[PDB]
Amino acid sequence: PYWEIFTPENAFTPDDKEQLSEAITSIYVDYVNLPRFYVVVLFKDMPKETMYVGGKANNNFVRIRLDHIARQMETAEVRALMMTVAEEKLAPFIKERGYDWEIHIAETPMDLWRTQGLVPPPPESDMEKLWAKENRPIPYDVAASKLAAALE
C-alpha cells in the first residue's frame, strides 16, 4: 500500500509518525498478513497558505490519499471495513487532536509494480509468506513460485 498524508507543518513528531505508520501497517499485517515493508507512508508537511479547502486557506486540515496495489477489495463489506479500520487507526492522531480531514483510496494494477526491482510474489503464496517472515524482498524464481502457487 502507498499512503500519502498531507499535514499542517510540524503537526507530527518523529515519534508520532512512527506510531501512526505502525498503526497503518498493522491493518495490512492483521487482515491479510502482508509483508510489513509493503506498507509505505509518506508524510508531507504543508506550509501555511498551501492547502485550500472550499477556496479558503485551511491550516488545520489533514488530507490522506492511498493506492492499493497488492490486493483488490471485491465486496462492499470488505471495502466498507477497510474504510472503517483506516479511520479507527487515524483517529488518535487526527480526529482526536481536532484536525479536519478527508481520505480516499484508488486501486492500481498489481502487475505494474516492482519492489527492489523484483516481481512481488502471488497473494497468499509461500514466497509471499517468506517475504513477510523475513520482512525483506527476497530474490526468487518468479515462474517456479507462480507455478507452485497455482497448484495450491
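Throughout, we count residues from 1 along the sequence that is shown.
If you average the CA temperature factors as listed in the entry, which stretch comes out higher, 39-47 or 117-125?
Comparing 117-125 with 39-47, the higher mean C-alpha B-factor belongs to 117-125.
For the C-alpha atoms alone, is the average B factor greater in 65-73 or in 95-103, going by the entry?
The stretch with the larger mean CA B-factor is 65-73.
When the CA B-factors of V29, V53, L112, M83 are compared as recorded in the entry, which is the largest?
Comparing C-alpha B-factors across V29, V53, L112, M83, the top value belongs to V29.
Of the three thirds of its chain by CA temperature factor, lowest, middle or highest, which one includes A23?
Bottom third by C-alpha B-factor.
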